[PDB]
Structures are given as C-alpha cells and as structure tokens.
$ cat structure_29.pdb   # PDB, C-alpha atoms
ATOM      1  CA  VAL A   1      97.479  89.565  88.251  1.00  0.00           C
ATOM      2  CA  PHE A   2      97.632  91.827  91.258  1.00  0.00           C
ATOM      3  CA  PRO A   3      99.252  90.960  94.611  1.00  0.00           C
ATOM      4  CA  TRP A   4      96.330  89.859  96.772  1.00  0.00           C
ATOM      5  CA  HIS A   5      96.919  92.779  99.171  1.00  0.00           C
ATOM      6  CA  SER A   6      94.880  95.018  96.871  1.00  0.00           C
ATOM      7  CA  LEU A   7      91.572  95.252  98.745  1.00  0.00           C
ATOM      8  CA  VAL A   8      92.557  94.511 102.334  1.00  0.00           C
ATOM      9  CA  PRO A   9      92.697  97.733 104.389  1.00  0.00           C
ATOM     10  CA  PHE A  10      94.332  98.316 107.741  1.00  0.00           C
ATOM     11  CA  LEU A  11      92.422  99.522 110.795  1.00  0.00           C
ATOM     12  CA  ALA A  12      95.414 101.816 111.421  1.00  0.00           C
ATOM     13  CA  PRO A  13      98.657 100.519 113.028  1.00  0.00           C
ATOM     14  CA  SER A  14      97.230  98.130 115.596  1.00  0.00           C
ATOM     15  CA  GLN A  15      98.780  97.611 119.009  1.00  0.00           C
TER
ATOM     16  CA  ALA B   1      87.440 105.432  78.968  1.00  0.00           C
ATOM     17  CA  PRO B   2      89.430 102.210  79.514  1.00  0.00           C
ATOM     18  CA  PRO B   3      88.434  98.663  78.372  1.00  0.00           C
ATOM     19  CA  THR B   4      87.318  97.842  81.887  1.00  0.00           C
ATOM     20  CA  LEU B   5      87.580  99.603  85.238  1.00  0.00           C
ATOM     21  CA  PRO B   6      90.979 100.007  87.032  1.00  0.00           C
ATOM     22  CA  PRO B   7      92.763  96.655  87.648  1.00  0.00           C
ATOM     23  CA  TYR B   8      93.439  97.367  91.332  1.00  0.00           C
ATOM     24  CA  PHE B   9      90.679  95.900  93.544  1.00  0.00           C
ATOM     25  CA  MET B  10      87.924  97.199  91.244  1.00  0.00           C
ATOM     26  CA  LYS B  11      85.306  94.633  90.182  1.00  0.00           C
ATOM     27  CA  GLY B  12      86.662  91.970  87.880  1.00  0.00           C
ATOM     28  CA  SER B  13      90.305  92.215  88.850  1.00  0.00           C
ATOM     29  CA  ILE B  14      92.009  88.857  89.036  1.00  0.00           C
ATOM     30  CA  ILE B  15      93.529  88.865  92.471  1.00  0.00           C
ATOM     31  CA  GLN B  16      96.383  86.432  93.061  1.00  0.00           C
ATOM     32  CA  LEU B  17      96.706  84.971  96.519  1.00  0.00           C
ATOM     33  CA  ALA B  18      99.918  83.916  98.227  1.00  0.00           C
ATOM     34  CA  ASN B  19      98.991  80.292  97.571  1.00  0.00           C
ATOM     35  CA  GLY B  20      98.822  81.158  93.884  1.00  0.00           C
ATOM     36  CA  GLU B  21      95.046  81.322  93.493  1.00  0.00           C
ATOM     37  CA  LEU B  22      93.558  83.554  90.867  1.00  0.00           C
ATOM     38  CA  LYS B  23      90.128  84.709  91.928  1.00  0.00           C
ATOM     39  CA  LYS B  24      87.813  87.610  91.139  1.00  0.00           C
ATOM     40  CA  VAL B  25      87.867  90.422  93.722  1.00  0.00           C
ATOM     41  CA  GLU B  26      84.174  89.940  94.381  1.00  0.00           C
ATOM     42  CA  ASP B  27      84.607  86.228  95.113  1.00  0.00           C
ATOM     43  CA  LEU B  28      87.624  86.381  97.390  1.00  0.00           C
ATOM     44  CA  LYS B  29      86.613  84.828 100.667  1.00  0.00           C
ATOM     45  CA  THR B  30      88.128  85.921 103.953  1.00  0.00           C
ATOM     46  CA  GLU B  31      89.598  82.420 104.183  1.00  0.00           C
ATOM     47  CA  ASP B  32      91.445  83.208 100.954  1.00  0.00           C
ATOM     48  CA  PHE B  33      93.347  86.080 102.550  1.00  0.00           C
ATOM     49  CA  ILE B  34      93.692  84.165 105.793  1.00  0.00           C
ATOM     50  CA  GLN B  35      95.478  81.315 104.054  1.00  0.00           C
ATOM     51  CA  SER B  36      97.583  83.639 101.932  1.00  0.00           C
ATOM     52  CA  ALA B  37      98.805  85.515 105.004  1.00  0.00           C
ATOM     53  CA  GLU B  38      99.301  82.351 107.046  1.00  0.00           C
ATOM     54  CA  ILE B  39     101.233  80.531 104.323  1.00  0.00           C
ATOM     55  CA  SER B  40     103.477  83.590 104.269  1.00  0.00           C
ATOM     56  CA  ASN B  41     105.811  84.773 107.030  1.00  0.00           C
ATOM     57  CA  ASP B  42     106.200  88.388 105.913  1.00  0.00           C
ATOM     58  CA  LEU B  43     102.430  88.660 105.964  1.00  0.00           C
ATOM     59  CA  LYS B  44      99.883  88.126 108.746  1.00  0.00           C
ATOM     60  CA  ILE B  45      96.194  88.468 109.616  1.00  0.00           C
ATOM     61  CA  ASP B  46      94.880  90.236 112.720  1.00  0.00           C
ATOM     62  CA  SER B  47      91.697  89.872 114.719  1.00  0.00           C
ATOM     63  CA  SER B  48      90.190  93.240 115.600  1.00  0.00           C
ATOM     64  CA  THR B  49      86.541  93.130 116.691  1.00  0.00           C
ATOM     65  CA  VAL B  50      84.748  96.366 115.892  1.00  0.00           C
ATOM     66  CA  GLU B  51      82.920  97.178 119.107  1.00  0.00           C
ATOM     67  CA  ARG B  52      81.491 100.466 117.886  1.00  0.00           C
ATOM     68  CA  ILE B  53      81.029 102.506 114.709  1.00  0.00           C
ATOM     69  CA  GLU B  54      80.653 106.257 114.729  1.00  0.00           C
ATOM     70  CA  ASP B  55      80.117 108.749 111.943  1.00  0.00           C
ATOM     71  CA  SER B  56      82.681 111.505 112.012  1.00  0.00           C
ATOM     72  CA  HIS B  57      80.524 114.072 110.164  1.00  0.00           C
ATOM     73  CA  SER B  58      83.399 114.468 107.693  1.00  0.00           C
ATOM     74  CA  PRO B  59      82.653 113.396 104.065  1.00  0.00           C
ATOM     75  CA  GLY B  60      82.345 109.638 104.003  1.00  0.00           C
ATOM     76  CA  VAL B  61      84.224 109.326 107.284  1.00  0.00           C
ATOM     77  CA  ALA B  62      83.335 106.865 110.000  1.00  0.00           C
ATOM     78  CA  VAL B  63      85.526 105.786 112.861  1.00  0.00           C
ATOM     79  CA  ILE B  64      85.430 102.092 113.455  1.00  0.00           C
ATOM     80  CA  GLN B  65      86.272 101.357 117.081  1.00  0.00           C
ATOM     81  CA  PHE B  66      88.160  98.076 117.169  1.00  0.00           C
ATOM     82  CA  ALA B  67      89.013  95.840 120.070  1.00  0.00           C
ATOM     83  CA  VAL B  68      92.355  94.476 118.926  1.00  0.00           C
ATOM     84  CA  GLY B  69      93.070  90.968 120.133  1.00  0.00           C
ATOM     85  CA  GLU B  70      91.563  88.966 122.968  1.00  0.00           C
ATOM     86  CA  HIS B  71      92.951  91.593 125.335  1.00  0.00           C
ATOM     87  CA  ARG B  72      90.461  93.802 123.455  1.00  0.00           C
ATOM     88  CA  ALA B  73      92.551  96.921 123.198  1.00  0.00           C
ATOM     89  CA  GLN B  74      90.314  99.575 121.709  1.00  0.00           C
ATOM     90  CA  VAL B  75      91.456 101.650 118.763  1.00  0.00           C
ATOM     91  CA  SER B  76      89.358 104.479 117.382  1.00  0.00           C
ATOM     92  CA  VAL B  77      90.368 104.978 113.769  1.00  0.00           C
ATOM     93  CA  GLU B  78      88.623 107.381 111.384  1.00  0.00           C
ATOM     94  CA  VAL B  79      88.314 105.610 108.059  1.00  0.00           C
ATOM     95  CA  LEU B  80      86.454 106.462 104.856  1.00  0.00           C
ATOM     96  CA  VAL B  81      83.274 104.427 104.515  1.00  0.00           C
ATOM     97  CA  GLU B  82      84.298 103.366 101.005  1.00  0.00           C
ATOM     98  CA  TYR B  83      87.077 101.220 102.459  1.00  0.00           C
ATOM     99  CA  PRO B  84      86.160  97.535 102.008  1.00  0.00           C
ATOM    100  CA  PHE B  85      87.187  95.701 105.159  1.00  0.00           C
ATOM    101  CA  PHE B  86      88.017  92.040 104.907  1.00  0.00           C
ATOM    102  CA  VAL B  87      86.482  90.457 107.976  1.00  0.00           C
ATOM    103  CA  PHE B  88      88.360  87.490 109.545  1.00  0.00           C
ATOM    104  CA  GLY B  89      85.579  84.927 109.881  1.00  0.00           C
ATOM    105  CA  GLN B  90      82.809  87.262 108.934  1.00  0.00           C
ATOM    106  CA  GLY B  91      83.193  87.849 105.183  1.00  0.00           C
ATOM    107  CA  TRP B  92      84.095  90.286 102.389  1.00  0.00           C
ATOM    108  CA  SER B  93      82.620  93.533 103.699  1.00  0.00           C
ATOM    109  CA  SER B  94      82.728  97.324 103.569  1.00  0.00           C
ATOM    110  CA  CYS B  95      81.563 100.141 105.826  1.00  0.00           C
ATOM    111  CA  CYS B  96      79.418 101.153 102.881  1.00  0.00           C
ATOM    112  CA  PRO B  97      78.874  98.425 100.253  1.00  0.00           C
ATOM    113  CA  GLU B  98      76.752 100.890  98.359  1.00  0.00           C
ATOM    114  CA  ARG B  99      79.636 103.317  97.883  1.00  0.00           C
ATOM    115  CA  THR B 100      82.287 100.626  97.334  1.00  0.00           C
ATOM    116  CA  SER B 101      80.066  98.983  94.705  1.00  0.00           C
ATOM    117  CA  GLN B 102      79.051 102.373  93.320  1.00  0.00           C
ATOM    118  CA  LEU B 103      82.492 103.835  92.821  1.00  0.00           C
ATOM    119  CA  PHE B 104      84.604 100.710  92.464  1.00  0.00           C
ATOM    120  CA  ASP B 105      81.847  98.486  91.036  1.00  0.00           C
ATOM    121  CA  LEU B 106      82.853  96.137  93.829  1.00  0.00           C
ATOM    122  CA  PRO B 107      80.162  94.362  95.881  1.00  0.00           C
ATOM    123  CA  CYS B 108      80.566  94.195  99.645  1.00  0.00           C
ATOM    124  CA  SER B 109      78.787  92.908 102.724  1.00  0.00           C
ATOM    125  CA  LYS B 110      77.962  95.388 105.477  1.00  0.00           C
ATOM    126  CA  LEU B 111      80.858  95.937 107.844  1.00  0.00           C
ATOM    127  CA  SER B 112      79.161  96.507 111.187  1.00  0.00           C
ATOM    128  CA  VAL B 113      79.931  96.336 114.899  1.00  0.00           C
ATOM    129  CA  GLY B 114      80.776  92.761 115.826  1.00  0.00           C
ATOM    130  CA  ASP B 115      82.705  92.058 112.636  1.00  0.00           C
ATOM    131  CA  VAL B 116      86.280  91.044 113.432  1.00  0.00           C
ATOM    132  CA  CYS B 117      88.230  92.980 110.828  1.00  0.00           C
ATOM    133  CA  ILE B 118      91.323  91.605 109.170  1.00  0.00           C
ATOM    134  CA  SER B 119      94.389  93.738 109.714  1.00  0.00           C
ATOM    135  CA  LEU B 120      96.946  92.414 107.319  1.00  0.00           C
ATOM    136  CA  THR B 121     100.588  93.250 107.640  1.00  0.00           C
ATOM    137  CA  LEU B 122     102.656  93.716 104.518  1.00  0.00           C
ATOM    138  CA  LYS B 123     106.204  93.598 105.841  1.00  0.00           C
TER
END
$ encode --input "structure_29.pdb" --output "structure tokens"
Amino acid sequence: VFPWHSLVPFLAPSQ
Amino acid sequence: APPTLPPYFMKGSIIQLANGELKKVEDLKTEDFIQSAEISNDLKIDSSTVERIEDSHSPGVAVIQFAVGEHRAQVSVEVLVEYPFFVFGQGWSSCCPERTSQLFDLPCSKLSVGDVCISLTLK
C-alpha cells in the first residue's frame, strides 16, 4: 500500500 | 512500459488510510482522509474555503485564493491545475479533473470557488 497522504495537496503553509 | 501506471496516487493505487482502510484512489472519500487525520495526532485536516480562483497565465498554473479558517484569512497560492485537491465536505476534486485524469488516469470532481479544501499536515 501507500500512506494515504499520496493525493492530498497543501494550499501552501496555511496561517 | 510498466504493468500498470505509477503506484503513487495514480488511478488504481491502493491507498491505505490511518484507520487501516485499503481503498482505490478514485474511491477515497473526503471523509476517508478526514477520519484518518482525526484518528491521528501527528496529522490534521484544515478548512480553507476557496473564495476565488485565478489563472496565472503560466503553464497549468492557477492561484486558488483560500479563506483559511472561520476567521477567513485569505491566502493566494499559485498551484498547478493538475493538483487534485481533497475538499473537506465537498468531495474528491481537482482544479482540472481533465488533466489529472488525463495524465494520472485519476478521476476528479471540479475544484471551484466555494470548495473548502483540505490542508493536511504531515508532521
């Protein structure tokens, strides 16, 4: 398997 | 050519959640990531409501303007449109489902203004 954080992006370092 | 496409996030990958679930990329619900992040303490979901979406002219670049939190702090971040954004209570989406499904074979819903995007922290 792959660690589920494989397709979840970040909207840049949020505040 | 490989047997199938790349195993990372490409269509058909068996993605394992923090709760131990083994689900196809294309079927992963936002609730799946929600739970996985919530069950974990080194991981967390965020609620950032895209209030605006602007093309940046640059190849496949669009800046999604997010209002982070209920205090709606706006962040203008230039992202490639092929980035599939998990949307908190809105679904499994991308800024360009066409391109994400085209290049990564991975189907996506349209990520548009109003969709509270999941920012997930991998500590």
$ resolve_selection --input "structure_29.pdb" --expression "the PyMOL selection byres ((chain A) within 6 of (chain B))" --output "list in words"
residues 1, 2, 3, 4, 6, 7, 8, 9 and 10 of chain A
$ atom_distance --input "structure_29.pdb" --atom1 "CA of residue 62 in chain B" --atom2 "CA of residue 80 in chain B"
6.0 Å
$ atom_distance --input "structure_29.pdb" --atom1 "CA of residue 104 in chain B" --atom2 "CA of residue 11 in chain B"
6.5 Å
$ atom_distance --input "structure_29.pdb" --atom1 "CA of residue 41 in chain B" --atom2 "CA of residue 114 in chain B"
27.7 Å
$ axis_aligned_box --input "structure_29.pdb" --around "range 5-13 of chain A" --padding-each-side "6 Å" --output "JSON"
{"center_x": 95.1, "center_y": 97.3, "center_z": 104.9, "size_x": 19.1, "size_y": 21.0, "size_z": 28.2}
$ closest_residue --input "structure_29.pdb" --among "B:39, B:49, B:26, B:72" --to "residue 15 in chain A" --atoms "only C-alpha atoms"
B:72
